[PDB]
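Here is the structure we will look at, set down as structure tokens.
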Amino acid sequence: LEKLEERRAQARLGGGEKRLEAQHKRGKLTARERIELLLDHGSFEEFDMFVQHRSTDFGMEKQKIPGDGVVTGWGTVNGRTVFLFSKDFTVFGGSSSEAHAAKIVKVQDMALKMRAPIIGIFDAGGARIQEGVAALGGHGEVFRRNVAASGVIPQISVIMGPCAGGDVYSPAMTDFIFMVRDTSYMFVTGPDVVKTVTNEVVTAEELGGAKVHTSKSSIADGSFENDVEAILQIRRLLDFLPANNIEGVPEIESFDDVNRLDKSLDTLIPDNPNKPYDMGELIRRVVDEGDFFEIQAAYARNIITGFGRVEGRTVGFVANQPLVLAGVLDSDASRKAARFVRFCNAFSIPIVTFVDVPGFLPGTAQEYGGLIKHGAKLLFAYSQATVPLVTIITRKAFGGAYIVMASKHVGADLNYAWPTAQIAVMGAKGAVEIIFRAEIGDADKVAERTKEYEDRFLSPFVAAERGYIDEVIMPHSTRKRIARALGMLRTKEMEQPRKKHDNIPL
Amino acid sequence: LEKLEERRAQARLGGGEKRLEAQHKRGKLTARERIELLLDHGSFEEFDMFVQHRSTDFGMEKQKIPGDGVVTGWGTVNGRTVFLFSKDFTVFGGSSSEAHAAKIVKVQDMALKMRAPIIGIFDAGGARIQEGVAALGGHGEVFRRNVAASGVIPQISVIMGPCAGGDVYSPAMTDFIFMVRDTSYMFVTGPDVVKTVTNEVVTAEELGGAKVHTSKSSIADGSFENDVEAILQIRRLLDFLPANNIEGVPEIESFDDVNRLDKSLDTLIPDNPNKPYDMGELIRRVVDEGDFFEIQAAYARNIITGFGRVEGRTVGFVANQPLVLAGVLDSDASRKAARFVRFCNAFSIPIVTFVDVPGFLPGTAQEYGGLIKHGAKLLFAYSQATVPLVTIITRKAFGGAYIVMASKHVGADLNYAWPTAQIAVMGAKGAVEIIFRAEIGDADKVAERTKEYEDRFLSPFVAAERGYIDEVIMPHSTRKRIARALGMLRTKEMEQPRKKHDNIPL
Amino acid sequence: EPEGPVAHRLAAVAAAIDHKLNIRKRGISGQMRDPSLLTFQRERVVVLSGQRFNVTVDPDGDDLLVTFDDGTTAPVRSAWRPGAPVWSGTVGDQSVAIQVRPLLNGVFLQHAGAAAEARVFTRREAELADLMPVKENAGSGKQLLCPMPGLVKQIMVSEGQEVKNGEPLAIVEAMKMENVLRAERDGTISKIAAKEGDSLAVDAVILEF
Ligand SMILES: CC(C)(COP(=O)(O)OP(=O)(O)OC[C@H]1O[C@@H](n2cnc3c(N)ncnc32)[C@H](O)[C@@H]1OP(=O)(O)O)[C@@H](O)C(=O)NCCC(=O)NCCS
Ligand SMILES: CC(C)(COP(=O)(O)OP(=O)(O)OC[C@H]1O[C@@H](n2cnc3c(N)ncnc32)[C@H](O)[C@@H]1OP(=O)(O)O)[C@@H](O)C(=O)NCCC(=O)NCCS
Ligand SMILES: *C(=O)CCCC[C@@H]1SC[C@@H]2NC(=O)N[C@@H]21
Ligand SMILES: *C(=O)CCCC[C@@H]1SC[C@@H]2NC(=O)N[C@@H]21
């Protein structure tokens, strides 16, 4: 019947032509256009197009809009099944009602049941005030499902407009949050309340924009220039990730050779111990085809985290970066690395770690901020892990930092070292000062003792003699060795002791 | 033979009588005196009394001290098996070496194997420099085992002297850290390097003293006046805790009655809503015999966390405290409550929660500091729990904060409310200003609308009509209800979905 | 920017690259049903630094055939592999080498002294991309603040000198590691506040354009 086509075409207009045009004028796409761009052509099946709200307070009974402000369903991305929901800002500001939340709950349940990923797209303003406590209940149920899915299916969130109030806690419990520059923001309490309570005058962008959440607050995993770019990059990310915690990583045919050498790496490390180099260069010369997907690039830039491929299989990478803060570990970097390691372990992704670390960041600000526990987080993550772990020391590895960065002693499978490695309890001069404390008066004698200590102990060979390092390798062979190791390690079988859950510091 | 008695007596002197008298002059006990005070009389069995070190560098072969700086063994506390180690500050400054670490590893392995608690007493200075890289290796083997035991057996740490460098990460991964005032301190990096790098001039007490770690940094769960008080309180605490994650909470015979009414509670809440009350008094009136062991008392005092008993069985308590920051939720309070809920759930301890919360703390400082994620931590911990949860709303419960505080929507078994409960999306003034914004010019209609909203919605009865509240009870019945419900809920049986582990935000 | 037969060539190459990658991408494991049951759209839109080309792509056995709106065709042949920095091959009876670099959702191409950013869409994706607005950068101004506390070890510029974006200006040392500060904008050096030997705190003034 043509009448059903009419009903459908009327549901497809949301909250009016003029609100849609106002959305296009801000530079934003609509909910349905976003879905259309994310999914493969012709694959989208929609749920609950005709659902309506049932509130009768404050005159709500006179405006019943089909769909109640959210679009829900499932489709395919590059042939693989995905579930999704997309909020509609033109329908009561995207606010969440009882029926709204019921739709979201339906798709969450289905995604967990069929063990497939779920993508949320956010543009909205929280609980619908007119529906009072009812609205809140809805939020709660959604929250519950998030927690149930944590570590079973990947959950991705994409902030493409306002996200205020309770809404924010749903993305917070997902594995990745991405944001669009200049049109999105997140906060718990808004500017007016900030003014009435704290007398601070701030705009929405200044309080909760993409810069703040990608560079200062730890919340976001990345930003993008506009909606189209963001969605295309989400398509890119999904092709790296497993569908669930059972099936393993996806595999594609590679154009690269796993037996190629790279002479350039033999010159990467400078002769001067105080000149830096770019670890990213090494990461991009090791991965297949130079392709690397960085996570939290703008935050805690003394450490690098991301995804690449070796032999057509997804691998995760963690590395110290000498260009920033001399590569020291601090609380921000430790948190950034710890959550990445935990995700990869949950979904059976192998991890490679490149180590060049002189110690931790000193000062009252680190200690009063809780560096003890924050740095314990990364140690916990690595020591808990049962996926393959491969580590490479290019340069300095001093003190407890050496233990933390995927050492043999916390459970790493293979540990290599370049010829330029310096594995020691601390630098030479400090060690000598402590050992020869009663004789720190003379000068030439101090230089002699320091020379001797450096010649004996600032090298890879004491570690090799004890078996803490499996092999000292030439730089130009790094890829060749990595690719071989990972292959052999694909059969690793290991388990932690039986428990409800660990008690990791928070 | 008398020669064996001689060898034993000699090993019992550590680094010398002079160093032990110096330890005493500082106001501190010796390691062996600490063991003697913790354990039941005659229960201590010591391991590895005669172990020595094997280093041959920097003249260390000529001072071989038996024990290598730690006393290890097992005994009983109030009849129940415990394992323990205690560092000896008189022997190489309590520094950690290979043999030292192996001693600690032995008792860690035994504690996990026999599923019993482990207590570590720290007075030391980290990796023994003269042993070099080997020392670090030892540290790693300890760290690993800490992680293996998390959530399987309770691990307690007692800091009774200096604790610096790599050492500090072992206590960090344990369940509780207690400190002795004026004689203990913890930091990753010491004042000398702080001065060299940052130009700050600070004392050890000012950098990592008990005040810092009990009131600012979130590291310590409590402090005590002296060694003796600390050790007696550790005995007390062990009497609350389960031995392992299977056996369940201990039981004692109670002197209280489960059917007594408390008329005082009928007048606890003041008529004036802008006036506070002490929630700790309600806690101390609901538990058996007024006995309550508070955790992290000096940190984030807007929230209360601790242990009591009901009908002779251990119960955990969480509550909002109106006397501090109007009882709002903030990042610090969120993390404090989250770790406690996680521990309780891991070890099968039921949780009772008291709710009086107006919302979250506003400001740029909270948002830039990551309140979104820090606040999600508590929601996550509650939504994951499978132990019994009982909740009582005394007063205000607004917005997302209502959801976070053990709401029916996040899986609470029983939810009660006092007659004074105000369960609503927000306050009346703000609700009307948002709803009736097109007529905000007037002032009389404003007050009329405000009063009608107040009367209709700021009460417990809409939540009761929807089934979100199981019963509106009288205050004087609170204990009587709790004790009954817990008794019924002992048989609860629930399971989260199958996974390696969750991906809770960090 | 490119114009005339040059631009065309570049456009064709872009299409080819896209095609190749897409083919590989459709062999991913774990799909719901078989990919042979899918379809590839022939009509494509190549956007080349603000210049659109409507094209049609067809696989000629092993090579590719790219048809434009003018009816003019171009066969494309090469053995390029993703990762190599030079695309060498033939585009319609002519041998060419293009310098290829990766770009977010596209490539950056250089040929015959011309350079262009190249993106390839379908019709619908292109019309949705045309809804996105062009944004302008704010632009740094007037200052060079020290982002890290440390010592000033060298200054390579002098007052009254002109610099171009990305040029080094000073070196700051902290925790035994140098740090090169580079110019973020083009301009002329007006003043120098600090010079070799002095310690600077975070967000301190080194110079002003
Ligand atoms: C989400 C938010 C940041 C967007 O602000 P904005 O872009 O300036 O736009 P508006 O305030 O015009 O919001 C768009 C519409 O959605 C409605 N809306 C927004 N948030 C809503 C919510 N939680 N409940 C119900 N309706 C809501 C608006 O009232 C408005 O509809 P209108 O066109 O009929 O007036 C802001 O509205 C907000 O804080 N909302 C959450 C609840 C709240 O506290 N709002 C008012 C305090 S300022
Ligand atoms: C733990 C610490 C904070 C306690 O400091 P303190 O109370 O002033 O006391 P001391 O430094 O005199 O320590 C007592 C002894 O332990 C020894 N010691 C301490 N830490 C040691 C370590 N890591 N390795 C070997 N010996 C160590 C000291 O040499 C000293 O020996 P002595 O009486 O024969 O001289 C401190 O010594 C320390 O920071 N040690 C770690 C190693 C280090 O970085 N030291 C340099 C700065 S102190
Ligand atoms: C020499 O000048 C000593 C300063 C360098 C010490 C550095 S700071 C970074 C590492 N942290 C630490 O504790 N020591 C190392
Ligand atoms: C009246 O003066 C309005 C401002 C006070 C509101 C308080 S601040 C603490 C709670 N958080 C919140 O958002 N509102 C409550």
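Residue numbering restarts at 1 for every chain of the structure tokens, chains are lettered A, B, ... in their displayed order, and ligands are numbered from 1 as they appear.
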Next on the checklist: Could you work out which residues of chain C fall inside 10 Å of chain B? Count only C-alpha atoms, and format the result as a PyMOL selection string.
Outcome noted: chain C and resi 149-150+174-176
Writer output for current selection, C-alpha atoms, as an mmCIF file, in the first residue's frame:
```cif
data_model
loop_
_atom_site.group_PDB
_atom_site.id
_atom_site.type_symbol
_atom_site.label_atom_id
_atom_site.label_comp_id
_atom_site.auth_asym_id
_atom_site.auth_seq_id
_atom_site.Cartn_x
_atom_site.Cartn_y
_atom_site.Cartn_z
ATOM 1 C CA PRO C 149 61.383 24.271 31.722
ATOM 2 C CA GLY C 150 65.092 24.032 31.028
ATOM 3 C CA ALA C 174 66.011 19.434 30.250
ATOM 4 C CA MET C 175 66.634 16.100 31.988
ATOM 5 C CA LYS C 176 69.786 15.598 29.786
#
```
Item to check | ligand 3 neighbours within 12 Å using only C-alpha atoms and all ligand atoms, as JSON, numbers by chain | outcome: {"A": [273, 274, 322, 324, 325, 326, 327, 328, 329, 330, 356, 357, 358, 359, 360, 361, 362, 363, 366, 396, 397, 398, 399, 400, 401, 402, 425, 426, 427, 428, 429, 430, 431, 433], "B": [164, 165, 166, 187, 188, 189, 190, 191, 192, 193, 194, 195, 196, 197, 198, 199], "C": [150, 173, 174, 175, 176, 177]}
Save the residues we just selected, C-alpha atoms, as a compact mmCIF listing (two decimals), in the first residue's frame?
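Final file, again37.txt:
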```txt
# COMPACT_ATOMS: atom_id res chain seq x y z
CA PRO A 273 73.59 10.47 24.52
CA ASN A 274 71.74 13.81 24.86
CA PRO A 322 62.49 10.60 23.49
CA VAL A 324 58.93 14.61 24.65
CA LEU A 325 59.99 14.88 28.32
CA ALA A 326 63.08 12.76 27.51
CA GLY A 327 60.82 9.70 27.30
CA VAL A 328 60.10 9.61 31.04
CA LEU A 329 57.14 7.68 32.38
CA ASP A 330 54.59 9.82 34.22
CA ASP A 356 63.92 3.84 25.75
CA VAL A 357 63.29 5.10 29.29
CA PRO A 358 65.60 6.84 31.82
CA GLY A 359 63.21 6.79 34.80
CA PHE A 360 60.09 8.45 36.17
CA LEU A 361 59.25 12.15 36.28
CA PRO A 362 60.39 13.74 39.57
CA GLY A 363 58.64 16.35 41.67
CA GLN A 366 53.74 13.80 40.49
CA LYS A 396 68.43 3.38 28.06
CA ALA A 397 66.53 1.07 30.40
CA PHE A 398 67.10 2.23 33.99
CA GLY A 399 65.59 1.19 37.30
CA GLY A 400 61.99 0.26 37.97
CA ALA A 401 61.01 1.72 34.59
CA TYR A 402 62.89 -1.19 33.00
CA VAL A 425 70.00 0.25 38.01
CA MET A 426 70.86 3.94 37.29
CA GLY A 427 73.30 6.19 35.53
CA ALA A 428 76.98 5.79 36.26
CA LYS A 429 77.73 8.98 38.18
CA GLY A 430 74.87 8.57 40.65
CA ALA A 431 75.72 4.91 41.22
CA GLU A 433 78.35 8.64 44.23
CA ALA B 164 61.57 4.48 48.25
CA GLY B 165 62.06 3.59 44.61
CA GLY B 166 60.96 0.32 43.09
CA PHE B 187 57.93 8.26 47.19
CA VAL B 188 59.19 7.05 43.82
CA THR B 189 61.94 9.69 43.54
CA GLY B 190 63.78 11.30 46.43
CA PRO B 191 64.52 14.90 47.41
CA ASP B 192 68.05 15.08 45.97
CA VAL B 193 66.89 14.45 42.41
CA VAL B 194 63.90 16.72 43.02
CA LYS B 195 66.34 19.51 43.90
CA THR B 196 68.59 18.82 40.92
CA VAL B 197 65.79 18.69 38.33
CA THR B 198 63.03 21.01 39.61
CA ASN B 199 64.94 23.29 42.05
CA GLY C 150 65.09 24.03 31.03
CA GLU C 173 67.83 21.27 27.46
CA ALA C 174 66.01 19.43 30.25
CA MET C 175 66.63 16.10 31.99
CA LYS C 176 69.79 15.60 29.79
CA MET C 177 67.90 15.78 26.47
```
Item to check | Shell of 7 Å around ligand 2 (only C-alpha atoms and all ligand atoms), written as a list in words | outcome: residues 434 of chain A; 92, 93, 95, 124, 125, 126, 127, 128, 129, 130, 162, 163, 164, 165, 190 and 192 of chain B
Suppose we keep N, CA, C and O atoms; can you now write the selection as a short mmCIF file (atom, residue, chain, number, x, y, z; two decimals), in the first residue's frame?
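Resulting contents of again.cif:
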```
data_model
loop_
_atom_site.label_atom_id
_atom_site.label_comp_id
_atom_site.auth_asym_id
_atom_site.auth_seq_id
_atom_site.Cartn_x
_atom_site.Cartn_y
_atom_site.Cartn_z
N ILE A 434 76.83 6.96 45.15
CA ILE A 434 76.25 6.20 46.25
C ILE A 434 77.22 5.15 46.76
O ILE A 434 77.39 4.97 47.97
N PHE B 92 71.90 -3.70 55.42
CA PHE B 92 72.01 -3.05 54.12
C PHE B 92 70.83 -2.12 53.88
O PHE B 92 70.34 -1.97 52.76
N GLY B 93 70.36 -1.48 54.95
CA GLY B 93 69.23 -0.57 54.85
C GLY B 93 67.95 -1.21 54.37
O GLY B 93 67.16 -0.56 53.69
N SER B 95 67.57 -3.12 52.07
CA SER B 95 67.59 -3.14 50.62
C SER B 95 67.28 -4.54 50.08
O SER B 95 67.54 -5.55 50.73
N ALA B 124 62.63 -0.01 54.62
CA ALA B 124 63.69 -0.36 53.67
C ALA B 124 63.92 0.80 52.70
O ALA B 124 63.33 1.87 52.83
N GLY B 125 64.79 0.56 51.72
CA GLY B 125 65.19 1.58 50.77
C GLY B 125 65.38 1.14 49.32
O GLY B 125 66.06 1.83 48.56
N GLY B 126 64.82 0.00 48.93
CA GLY B 126 64.75 -0.37 47.53
C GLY B 126 65.86 -1.29 47.06
O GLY B 126 66.49 -2.02 47.83
N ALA B 127 66.10 -1.25 45.75
CA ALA B 127 67.06 -2.14 45.11
C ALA B 127 68.48 -1.88 45.62
O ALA B 127 68.96 -0.75 45.61
N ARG B 128 69.14 -2.95 46.06
CA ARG B 128 70.51 -2.89 46.56
C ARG B 128 71.45 -2.57 45.40
O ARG B 128 71.66 -3.39 44.51
N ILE B 129 72.04 -1.37 45.44
CA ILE B 129 72.76 -0.84 44.28
C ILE B 129 73.91 -1.76 43.88
O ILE B 129 74.13 -2.03 42.70
N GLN B 130 74.65 -2.26 44.87
CA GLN B 130 75.85 -3.05 44.57
C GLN B 130 75.54 -4.31 43.77
O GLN B 130 76.42 -4.82 43.06
N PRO B 162 61.02 4.16 56.06
CA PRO B 162 61.21 4.61 54.68
C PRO B 162 60.79 3.54 53.68
O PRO B 162 60.90 2.34 53.94
N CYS B 163 60.32 4.00 52.53
CA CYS B 163 59.98 3.11 51.41
C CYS B 163 60.12 3.92 50.13
O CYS B 163 59.28 4.77 49.83
N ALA B 164 61.19 3.65 49.38
CA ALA B 164 61.57 4.48 48.25
C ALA B 164 61.89 3.62 47.03
O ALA B 164 62.27 2.46 47.14
N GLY B 165 61.74 4.25 45.86
CA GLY B 165 62.06 3.59 44.61
C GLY B 165 61.17 2.40 44.31
O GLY B 165 59.99 2.36 44.69
N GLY B 190 63.43 10.66 45.19
CA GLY B 190 63.78 11.30 46.43
C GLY B 190 64.14 12.77 46.30
O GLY B 190 64.27 13.31 45.20
N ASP B 192 66.84 14.61 46.64
CA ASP B 192 68.05 15.08 45.97
C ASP B 192 67.81 15.29 44.48
O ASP B 192 68.18 16.33 43.92
#
```
Under the rule of at most 6 Å, produce a per-residue listing of chain B near chain A: chain, number, name, the closest pair of atoms, and the distance in Å, as CSV, using only C-alpha atoms.
```
residue,atom,partner,partner_atom,distance
B:132,CA,A:425,CA,5.6
B:133,CA,A:424,CA,5.6
B:140,CA,A:409,CA,4.9
B:141,CA,A:409,CA,5.7
B:144,CA,A:410,CA,5.4
B:150,CA,A:502,CA,5.2
B:151,CA,A:502,CA,4.8
B:166,CA,A:400,CA,5.2
B:169,CA,A:376,CA,5.9
B:172,CA,A:373,CA,5.6
B:189,CA,A:362,CA,5.9
B:194,CA,A:363,CA,5.4
B:217,CA,A:368,CA,4.9
B:346,CA,A:500,CA,5.9
B:362,CA,A:194,CA,5.6
B:363,CA,A:194,CA,5.5
B:368,CA,A:217,CA,4.8
B:369,CA,A:217,CA,5.4
B:370,CA,A:217,CA,5.0
B:373,CA,A:172,CA,5.6
B:376,CA,A:169,CA,5.8
B:383,CA,A:144,CA,5.8
B:400,CA,A:166,CA,5.5
B:409,CA,A:140,CA,4.9
B:410,CA,A:144,CA,5.7
B:424,CA,A:133,CA,5.7
B:425,CA,A:132,CA,5.5
B:500,CA,A:346,CA,5.9
B:502,CA,A:151,CA,4.9
B:503,CA,A:150,CA,5.6
B:506,CA,A:506,CA,5.9
```
Output file for the selection above: N, CA, C and O atoms, as a CSV table (one decimal), in the first residue's frame:
```csv
chain,number,residue,atom,x,y,z
B,132,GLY,N,73.3,-4.5,41.3
B,132,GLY,CA,73.0,-4.1,40.0
B,132,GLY,C,71.7,-4.8,39.5
B,132,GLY,O,70.7,-5.0,40.2
B,133,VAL,N,71.7,-5.1,38.2
B,133,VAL,CA,70.5,-5.5,37.5
B,133,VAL,C,69.8,-6.7,38.2
B,133,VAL,O,68.6,-6.8,38.2
B,140,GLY,N,60.9,-7.8,40.2
B,140,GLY,CA,59.9,-8.2,39.2
B,140,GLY,C,59.2,-9.4,39.6
B,140,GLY,O,57.9,-9.5,39.6
B,141,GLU,N,59.9,-10.4,40.1
B,141,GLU,CA,59.3,-11.7,40.5
B,141,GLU,C,58.3,-11.5,41.6
B,141,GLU,O,57.2,-12.1,41.6
B,144,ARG,N,55.0,-9.7,39.9
B,144,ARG,CA,54.2,-10.7,39.2
B,144,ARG,C,53.2,-11.4,40.2
B,144,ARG,O,52.0,-11.4,40.0
B,150,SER,N,45.8,-11.0,43.3
B,150,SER,CA,44.8,-9.9,43.5
B,150,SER,C,43.4,-10.5,43.2
B,150,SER,O,43.1,-11.0,42.2
B,151,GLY,N,42.5,-10.4,44.3
B,151,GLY,CA,41.2,-10.9,44.2
B,151,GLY,C,41.1,-12.4,44.6
B,151,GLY,O,40.0,-12.9,44.5
B,166,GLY,N,61.8,1.4,43.6
B,166,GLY,CA,61.0,0.3,43.1
B,166,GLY,C,60.1,-0.4,44.1
B,166,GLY,O,59.1,-1.0,43.8
B,169,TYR,N,56.0,0.1,44.6
B,169,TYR,CA,55.0,-0.5,43.7
B,169,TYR,C,54.4,-1.8,44.2
B,169,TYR,O,53.3,-2.1,43.8
B,172,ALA,N,51.6,-0.8,46.4
B,172,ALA,CA,50.5,-0.1,45.6
B,172,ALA,C,49.5,-1.1,45.1
B,172,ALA,O,48.4,-0.8,44.9
B,189,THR,N,60.7,9.0,43.7
B,189,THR,CA,61.9,9.7,43.5
B,189,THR,C,62.2,10.6,44.7
B,189,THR,O,61.3,11.2,45.2
B,194,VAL,N,64.9,15.6,43.1
B,194,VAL,CA,63.9,16.7,43.0
B,194,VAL,C,64.6,18.1,43.0
B,194,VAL,O,64.3,18.9,42.2
B,217,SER,N,46.8,12.5,48.3
B,217,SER,CA,47.3,11.8,47.1
B,217,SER,C,46.4,10.6,46.8
B,217,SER,O,46.5,10.1,45.7
B,346,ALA,N,34.7,-8.7,45.1
B,346,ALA,CA,35.6,-9.8,44.9
B,346,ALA,C,35.6,-10.8,46.0
B,346,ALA,O,35.8,-12.0,45.7
B,362,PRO,N,30.4,21.1,40.2
B,362,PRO,CA,30.7,21.8,39.0
B,362,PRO,C,32.1,22.6,39.0
B,362,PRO,O,32.6,22.8,40.0
B,363,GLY,N,32.5,22.9,37.8
B,363,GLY,CA,33.8,23.7,37.6
B,363,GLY,C,34.7,23.1,36.6
B,363,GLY,O,34.8,21.9,36.3
B,368,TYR,N,38.4,19.4,33.5
B,368,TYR,CA,39.7,19.2,33.0
B,368,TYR,C,40.4,18.0,33.6
B,368,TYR,O,41.3,17.4,33.0
B,369,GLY,N,40.1,17.7,34.9
B,369,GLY,CA,40.6,16.6,35.6
B,369,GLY,C,40.0,15.2,35.3
B,369,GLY,O,40.5,14.2,35.9
B,370,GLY,N,39.0,15.1,34.4
B,370,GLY,CA,38.5,13.8,34.0
B,370,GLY,C,37.3,13.3,34.8
B,370,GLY,O,37.2,12.1,34.9
B,373,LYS,N,35.2,10.2,33.4
B,373,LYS,CA,35.7,8.8,33.6
B,373,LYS,C,35.8,8.4,35.1
B,373,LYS,O,35.4,7.3,35.5
B,376,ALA,N,32.5,7.6,36.1
B,376,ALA,CA,32.0,6.3,35.5
B,376,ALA,C,32.6,5.1,36.3
B,376,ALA,O,32.0,4.0,36.3
B,383,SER,N,27.5,-1.6,38.9
B,383,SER,CA,26.8,-2.4,37.9
B,383,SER,C,27.3,-3.8,37.6
B,383,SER,O,26.6,-4.7,37.2
B,400,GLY,N,21.7,12.0,37.6
B,400,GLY,CA,22.6,10.9,37.4
B,400,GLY,C,23.2,10.4,38.7
B,400,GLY,O,23.4,9.2,38.8
B,409,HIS,N,18.0,0.4,38.9
B,409,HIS,CA,18.3,0.3,37.5
B,409,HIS,C,19.7,-0.3,37.3
B,409,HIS,O,20.0,-0.9,36.2
B,410,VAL,N,20.6,-0.2,38.2
B,410,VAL,CA,22.0,-0.7,38.1
B,410,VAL,C,22.1,-2.1,38.8
B,410,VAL,O,23.3,-2.6,38.9
B,424,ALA,N,14.0,13.1,42.3
B,424,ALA,CA,13.6,13.9,41.1
B,424,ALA,C,14.7,14.1,40.2
B,424,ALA,O,15.9,13.9,40.5
B,425,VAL,N,14.4,14.6,39.0
B,425,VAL,CA,15.4,14.9,37.9
B,425,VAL,C,16.3,16.0,38.3
B,425,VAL,O,17.5,16.1,38.0
B,500,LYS,N,37.9,-12.8,29.7
B,500,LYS,CA,39.2,-12.7,30.4
B,500,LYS,C,39.1,-11.7,31.6
B,500,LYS,O,39.4,-12.1,32.7
B,502,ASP,N,37.2,-7.4,32.4
B,502,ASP,CA,36.5,-6.2,31.9
B,502,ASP,C,37.5,-5.2,31.4
B,502,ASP,O,38.7,-5.4,31.5
B,503,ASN,N,37.0,-4.1,30.9
B,503,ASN,CA,37.8,-3.0,30.4
B,503,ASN,C,37.4,-1.7,31.1
B,503,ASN,O,37.2,-0.6,30.5
B,506,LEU,N,40.4,3.8,33.4
B,506,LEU,CA,41.5,4.0,34.3
B,506,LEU,C,41.8,5.4,34.5
B,506,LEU,O,41.4,6.3,33.8
```
Next on the checklist: To test your reading of the structure, identify every residue in segment 38-158 of chain C that backbone DSSP assigns to alpha helix (DSSP H), and report it as a count of residues only.
Outcome noted: 7
Next on the checklist: Neighbouring residues of residue 121 of chain A were defined as those with any atom within 7 Å, considering only C-alpha atoms; residues of the same chain fewer than 3 positions away were excluded. Please report them as a PyMOL selection string.
Outcome noted: chain A and resi 85-87+157-160
Item to check | Atom-to-atom span, atom CA of residue 59 of chain C and atom CA of residue 34 of chain C, Å | outcome: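 Straight-line distance from atom CA of residue 59 of chain C to atom CA of residue 34 of chain C works out to 20.7 Å.
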Next on the checklist: I'd like the contact shell of residue 100 of chain C - 12 Å cut-off, only C-alpha atoms, skipping same-chain residues fewer than 5 positions apart - returned as an MDAnalysis selection string.
Outcome noted: chainID C and resid 10 13:14 17 80:88 106:111 115:118
